[PDB]
Amino acid sequence: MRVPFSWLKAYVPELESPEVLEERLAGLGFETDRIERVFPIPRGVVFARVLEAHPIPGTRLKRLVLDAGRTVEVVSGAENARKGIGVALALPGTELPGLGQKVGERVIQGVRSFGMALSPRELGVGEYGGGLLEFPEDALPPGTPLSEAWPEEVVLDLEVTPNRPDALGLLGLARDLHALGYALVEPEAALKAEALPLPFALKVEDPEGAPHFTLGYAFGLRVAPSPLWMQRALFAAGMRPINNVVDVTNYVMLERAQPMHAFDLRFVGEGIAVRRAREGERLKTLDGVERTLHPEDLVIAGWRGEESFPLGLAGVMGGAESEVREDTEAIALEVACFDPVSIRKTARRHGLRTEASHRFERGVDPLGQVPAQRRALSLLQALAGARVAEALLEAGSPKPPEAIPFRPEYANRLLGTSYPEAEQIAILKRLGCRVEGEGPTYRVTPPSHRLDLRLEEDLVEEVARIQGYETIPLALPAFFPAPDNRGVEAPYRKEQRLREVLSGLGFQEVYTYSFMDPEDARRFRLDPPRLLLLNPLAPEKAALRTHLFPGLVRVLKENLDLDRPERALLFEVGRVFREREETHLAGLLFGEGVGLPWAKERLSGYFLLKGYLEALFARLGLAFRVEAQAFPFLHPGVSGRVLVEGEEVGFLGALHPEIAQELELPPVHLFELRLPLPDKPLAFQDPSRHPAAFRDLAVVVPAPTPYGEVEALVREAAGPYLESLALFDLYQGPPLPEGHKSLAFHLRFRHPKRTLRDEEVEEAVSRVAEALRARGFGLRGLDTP
Amino acid sequence: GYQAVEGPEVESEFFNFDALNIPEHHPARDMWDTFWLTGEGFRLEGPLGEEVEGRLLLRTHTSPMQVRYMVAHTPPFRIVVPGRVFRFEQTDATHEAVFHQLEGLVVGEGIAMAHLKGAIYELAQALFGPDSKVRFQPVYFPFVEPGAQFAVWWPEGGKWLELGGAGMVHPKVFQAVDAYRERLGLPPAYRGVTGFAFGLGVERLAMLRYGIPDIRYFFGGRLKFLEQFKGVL
Amino acid sequence: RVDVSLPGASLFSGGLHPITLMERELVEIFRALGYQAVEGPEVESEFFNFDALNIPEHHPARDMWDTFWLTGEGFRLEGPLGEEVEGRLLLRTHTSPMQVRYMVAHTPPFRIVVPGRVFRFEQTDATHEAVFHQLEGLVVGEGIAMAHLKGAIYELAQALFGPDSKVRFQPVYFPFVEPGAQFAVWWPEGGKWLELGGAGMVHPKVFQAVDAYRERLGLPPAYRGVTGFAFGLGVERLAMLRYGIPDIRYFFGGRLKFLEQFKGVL
Ligand SMILES: [Mg+2]
């Protein structure tokens, strides 16, 4: 909302300056996006009266003869250059802001043009450039410089929130500043009506979508250009002046956030009918577009006998036919409150957004209609010398706002302030509220234009913004939290340590979008996405990720192309969506690996990633194990399932080569788990102060037998005295019976209370040897010191 | 004294809009550019593990979690809920569709706006020093009244930084909480309490505090960018 | 074929000492109550360790602490404001001295917690050590009262042992507090009251020492109209009964077979 300074100043006469006004408005809750300066009019631009306009033969140009103090002539091809109007003449020599060039006397089709009449755009007072500025013929003495009648203006571009629709009118803003202490000069409706019947009637066919409608009658109209003061005001407001009557309606709308429209009686017929549009009903709206009304569009319609025609789109835009033009002599003034919801839908529907719809969606003073009529009518009388009928046609009866109970004590209790009772009630009163009661609990009834004042809290905010948020003191609360809130953060804390332990080990954190390309479910061989968007940013972002890894893999490629990393070890914790929303942990290792830079021997791939994971798991103090199992996306030969504390939580393996090939990537190893991991408490086990007993043994096993199965066997059989079991050698070849391998194991037996007798170790290593062979395994070695 | 609790990214319109006083066809709804979701066989569960029914969406703010918390816990308490939020927008050097917010909520007998100004004051002091000062101005939010926006005087940048919003929880938010508690068989707990809440953007801080010029780096996943933050604890 | 169950490369995995875990657990509890952790020197001067804290020469109270005295030339002990502090050197018998060092260098209000290693000349047994750790707190400000002390310890109990935990206070004597007290927590799962530590309201003479010394260094006095409370507790005692460590001698015993058991504890 452009709030033109000199205009607002007409209601709040004491405003210090635009800079102060901006500061004032900030504290009231309105922030200005910018402050522009606007009418730098040169002295070379003068006011001239067009005495006669002669067409130049064989051209579309005209030779205007102007009284500009001296009689000069100007050539113009403007569709509206005509005698009997005032124009802004740019005398030769004038440098123009708008056309950026210098105006000069010049020969045009046989006539020497002394300068040029200007369009809103060339003068720089507006964007419109389709015609000459039209001032009343006698606005000023021919020759007197425009600047003198059209001074610069400072315009503030305010942000006006949805809760304050009343601020979409300058008077609305003025009443707020008034509560601060400024003087309010409300304009008076100087009307001289005359009792006579209205020549038309009103029929509201939908009082649900038009709860209050009023029509006024003005006749004997003399449509002409608006006074310079009204032209300047409208231009500053971001609006272009049309003529006498249409301008009054734009001026009063901005003045009070009450859109209104004048209809030429000629097109009304017998009366106005507010009703819904009929199927396929059409309307050529002001914009020139012939639209097709939808059955849910509220419409202002006129009827004649048994015909009802659309005159305009209710509270959005008027028809181009009934628009007030030059020959119009009598009109019907529409001033009403429409249902926000209805106007909203119709506006969206037709892709329209006008100053009218804009204010109707937010809301309008349910009882401001009549006063708006008197204001506009009064001006029409003053500007277009209209004769105005006394009676108005009114439909609807809105109930005034309801009273709200106010406890000054509670106001202070909620803010933590201590503004005195009296001081609070005076604020409420300055704002226009009617306060009833003697206290402690008052009955405060808000003005009809403050749609936002319904609860007591609403009222306490009023005391606060007028007193100033700066006046609210600082303080800290002290209390014991209710029992169920204790320990409430354990989870968040647990996951945050997980990330920390991960970065500690050496993993680099990555953030990836929650969105997934549906096609990827294919590229990676996963079940399709369960949640898809109805309004995606793009097709490749049309689904919610079911897995984490696909994304990591992509950022990996993206990195390789931009920079050529020799290696990477990433990790990500994030939400994943499938059946239920769940948190996952996933990582990926790629590249050369770990080792001496200046040497070739390196640790890498599967067993390196499995290392960082076993390391990770010892720190979390959990039991970790990998059993082989196939996964569509994994590589058959390097694919396994992760078993944390005995349960399957995810996988680990090498990316399937085919997927690798399609995406042009080198091999990559990765894993994905489902958080939160099991929680295992501390069971302190007092270590034995007695010496361990060592023993080495090898097991001959058929090549396909998994190391994990052997390990479990030796372990389960070793007894309660086994302390450590470790694999030190993996061999398979001669003279080992072919198709077999050997697993070397360092074992350690330790008895808690006392030292072990050799017969105990021996007998124990026998239970292993026994069950080892009962499974069909051989003993390449045992009882080695 | 604030505890951190997280909430789901995929929410229901009830918790994200309706309970927080932001209804259908209402100007306020326009403040949030929602990503709506469709999908069969997805279970969204409410505060007490109940199947919550509503039209699904990606949360446009963390606020819903504050209703989920209130229905499942009893006052007094102080919570902070960090989280990823989504908005349908065209991603530019200072705009993202996916970003993070952090919202707080303190509820109890006697909590007043003074206590809200005090918390943000402590936030400013901690982020930017003793010579830091906060500023509050009126603004509108459907779920708080009074409502406000706060800015911190960043002394080294010599300028006021607009950090976020805050206000006193709206009467209608507490009614929604209890009414829903009653629906699940829980006795009401928010009858005689007051409370304040604030919410702020993380990226905004992170950028001006670590000097990151483009908000698009955050989700860009470039190792050459991320590695620079290895030294930051 | 690649055997996925084969052990991967053997990278090392660390762990933290039981005492660091426990100390960390207590500091975060108090951080949530607005307390900041500051540390102090292990080698102290008799002034800060005894004299300023109202524990004078040849006085029964001095017998409560079995001091290790120190001798050594060319050692610089520096006071709160980097000044050379003169006194007879010793290994601190408690962390309390740091509370005087803090007060002389800072102005109220504030809340602090100072964890630290302390020494006492004693014969080390299954429940006695000569070197162990304490954690002391101090809150000073206008209007701080004993009710606030009972509240803090209450919050400590709730955090360590649950909502069904309750604290108990009884009178006891300390030269540096009046009133003075000892506190115990109802450990519901152990079904018994645990004596945790001491506490009380800072003694008038401790504030006088602080200001008098501030004045000596050119600082204006700051503890004239304030009150304050302080408490102090043993870490090993908690650590043992919370992690189930039977012998206090394990802590400094350095046995990897003992320490490794606490790898999983965060
Ligand atoms: Mg309000």
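Quick reminder: no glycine exception, Cβ is built from N, Cα and C everywhere.
The Mg(2+) binding site feature in Swiss-Prot is assigned to A:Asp452, A:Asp458, A:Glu461, A:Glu462. Residues or ranges marked as domain 'tRNA-binding' by Swiss-Prot: A:39-147. What Swiss-Prot lists as domain 'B5' is A:399-474. Under the heading domain 'FDX-ACB', Swiss-Prot lists A:688-780.
Reduced to three states, the DSSP call for A:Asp452 (Mg(2+) binding site) is coil. Sorting each residue of the domain 'tRNA-binding' (A:39-147) by its DSSP state yields 6 helix, 42 strand, 61 coil.
Residues from the binding-site residues list (A:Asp452, A:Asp458, A:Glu461, A:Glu462) with a C-beta closer than 6 Å to any atom of ligand 1: A:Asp452, A:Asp458, A:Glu461. Residue counts for the domain 'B5' (A:399-474) under DSSP, split into helix (H, G, I), strand (E, B) and coil, are 33 helix, 10 strand, 33 coil.
Taking a C-beta cut-off of under 8 angstroms and a sequence separation of 6 or more, A:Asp458 (Mg(2+) binding site) has the following same-chain neighbours: A:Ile404, A:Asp452. In this view, A:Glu462 (Mg(2+) binding site) is surrounded by 27 other Cβ atoms within 10 Å of its Cβ, with every protein chain counted. When the domain 'FDX-ACB' (A:688-780) is classified with DSSP, helix, strand and coil residues number 29 helix, 33 strand, 31 coil.
Cβ neighbours of A:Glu461 (Mg(2+) binding site) (same chain, under 8 Å, six or more residues apart in sequence): none. Using a 10 Å Cβ-Cβ cutoff, A:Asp452 (Mg(2+) binding site) registers 20 neighbours.
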